[PDB]
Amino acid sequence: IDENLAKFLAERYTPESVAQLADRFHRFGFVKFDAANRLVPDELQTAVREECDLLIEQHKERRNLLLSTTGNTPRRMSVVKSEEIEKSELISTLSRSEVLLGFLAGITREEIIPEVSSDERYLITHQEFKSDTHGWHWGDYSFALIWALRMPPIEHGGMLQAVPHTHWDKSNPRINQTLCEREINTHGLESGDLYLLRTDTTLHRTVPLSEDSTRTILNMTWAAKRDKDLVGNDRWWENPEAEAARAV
């Protein structure tokens, strides 16, 4: 388990090459683990993708709303709640793995602490229809490891768009204005990829799907020392009737 990942990473990374990833993580708020920079063995990834497949078919929940705390940006997708995913022993132990968190802490350059609100530890988003999107937003917590389990071709949409070095003002998000002042980075993803995101200071969204395509991710959210008290009444993934949500 841990011993297999410790050996797997030891053959694919050096302190020097991980320091280069830390540069790119702080510069873009984003670092991708693809065929050239794998993070988990293919067996470990298949097991997690299989467990997520059983969880989607069993507990998927449609969402279609505008979130007021992010300028009424849309959330049009299906979700599997954190409390359901936590029952997967595989996903639960892996998210708290001392080998995994220790390795990525060399990229964040600060302690990764698996202590977040129990409704936000894990989240699966499953998009299926044209115009499905995870609109522009920030996270309440500092870190997220995103598993790009199933990604459509880039021509169908689903790319991550990001503006790093921003912050979330839930009473004045200024999202389109911040786009007008800042260059947007678009990150294309392939199935099997993973990426680490600095969610609290990186404004981000997924580009809306142009046709009916399948886009599935797993979100493992972690805290830094900086993450306190939650606010906004905007927990739309856990509560579709949240005060900040406006149904569509």
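Quick note: we count residues from 1 along the sequence shown, nothing fancier.
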Inset, instruction - Mind giving me a quick count class for deposited residues absent from the model between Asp227 and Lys228? Options are none, 1 to 3, 4 to 9, 10 or more. - result: 1 to 3
Inset, instruction - Between 121-129 and 160-168, name whichever shows the higher mean Cα B factor according to the PDB entry. - result: 121-129
Inset, instruction - Look over 198-206 and 213-221 in the entry and identify the one with the greater average Cα temperature factor. - result: 213-221
Legend entry - Candidate set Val79, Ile146, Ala105, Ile175 [ranked by C-alpha B-factor, highest]: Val79
Legend entry - B-factor third for the C-alpha atom of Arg62 within its chain: highest
Inset, instruction - State the tercile, meaning the lowest, middle or highest third, of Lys87 with respect to the CA B-factors recorded for its chain. - result: highest
Inset, instruction - Looking at the entry's B-factor column for C-alpha atoms only, identify whether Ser97 ranks in the lowest, middle or highest third of its chain. - result: highest
Inset, instruction - Comparing against every modelled residue in the chain, figure out the third that the C-alpha B-factor of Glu181 lands in (lowest, middle or highest). - result: lowest
Inset, instruction - Sorting the chain's modelled residues by C-alpha B-factor, tell me whether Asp234 ends up in the lowest, middle or highest third. - result: middle
